[PDB]
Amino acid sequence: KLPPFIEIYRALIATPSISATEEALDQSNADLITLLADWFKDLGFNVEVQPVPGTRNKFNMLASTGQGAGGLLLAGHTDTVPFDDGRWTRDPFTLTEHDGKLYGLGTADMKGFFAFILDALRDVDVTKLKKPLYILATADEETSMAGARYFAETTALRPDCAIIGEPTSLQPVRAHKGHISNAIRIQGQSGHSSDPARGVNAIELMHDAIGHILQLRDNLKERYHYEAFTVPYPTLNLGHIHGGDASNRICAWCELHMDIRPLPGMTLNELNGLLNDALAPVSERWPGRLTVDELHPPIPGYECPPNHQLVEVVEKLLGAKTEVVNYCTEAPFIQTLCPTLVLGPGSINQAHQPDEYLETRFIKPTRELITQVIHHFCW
């Protein structure tokens, strides 16, 4: 009943699922979901399609089998980044073999993962599994991660563990930093530069705030360490500043946009705690003039405990040690449901690039890795 691997792959690549914040480029993942939904139906899984609030008509799919607690969650995203038709030298939607490489938009990131899951399940009898098996297909990972966010917020599901099939060259990944973005906003009071003391100069107040923020930057860099990261400390970046009307007017308003990248172990609440603490002497001096607002929904840090049985099994199956990575995944939201690893075929060297491909040599190892992991946590 299930087509062969390359045919499953071909149809997924041929179904456009580009995500974009730009209304013009943003395609519905409905056709991608229907493909996955009908195929998982055919294999005997129950299926739930979920509209995702505040997306342009995007959906999650959960495919479920078995009952009771625990089980394995296999998770991926159905969307791809846009393509540059100027730099692609093949049709992005045409799966093309050439020189041990399979070319197409989402070959590496990450439609291959679903083709491998279905391919691995082709002869498996879901009746005879001891523990539940879940397949999650999320919307809009490449933009808001609204799919994974809305799933982790609303789902009753509580698996024993989860693998998110992002391209890692089949290296298991157990952590990455978070990402919070803030606007620091300072209300001045206007006045003529003929008496620059008559008003409240927002730039002078922002100069004070920046002093305290750079002190926090130094404390973060000095007191929090995670040796496995290339940059082993939580980072703080001043990105943008704007304020004032003219050289000859008291600066009436000033705004600073910054980011912080918290290490896995530090929570969002403690980080907003550290930032309010740094700014406190300034907002106290000046009640009601300094506000801190979020620029973009925050992403928590993620880690999987390094001796978790998920990690030991995977490391042993692949004979590869776990890595940390310098990029954000859905793992922070899936980690609220159960211990989570990031592990998939193909490379971020092809992800989001023109003439994206997945090497065909990933085919046998990936089929075998998924088979072994389903037999380990469901049998």
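One rule holds for the numbers: they count along the sequence shown, beginning at 1.
| task | Would you determine, from the values in the PDB entry, which of 137-145 and 304-312 has the greater average C-alpha temperature factor? | result | Mean CA B-factor is higher for 304-312.
| message | Which is higher on mean Cα B factor in this entry, 345-353 or 46-54? | response | Averaging CA B-factors over each stretch, the winner is 46-54.
| task | Tell me, please, which of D109, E153, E204, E255 has the highest C-alpha B factor according to the deposited entry? | result | The C-alpha B-factor peaks, among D109, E153, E204, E255, at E153.
| request: Could you check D259, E166, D125, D79 and tell me which one carries the biggest Cα B-factor in the deposited entry? | output: When the deposited C-alpha B-factors of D259, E166, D125, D79 are compared, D125 is largest.
| field | Ranked C-alpha temperature factor of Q215 among modelled chain residues, by third | value | Middle third by C-alpha B-factor.
| task | Consider only the C-alpha atoms of the modelled residues in this chain, order them by B-factor as the entry records it, and name the third containing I334: lowest, middle or highest. | result | Answer is lowest: the recorded C-alpha B-factor places it there.
| Which third of the chain does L157 land in by C-alpha B-factor: lowest, middle or highest? | According to the entry, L157 has a C-alpha B-factor in the chain's highest third.
| task | State the tercile, meaning the lowest, middle or highest third, of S247 with respect to the CA B-factors recorded for its chain. | result | Tercile = middle for this residue's CA B-factor.
| task | Ordered by C-alpha B-factor within the chain, which third holds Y233? Give me lowest, middle or highest, please. | result | Tercile = lowest for this residue's CA B-factor.
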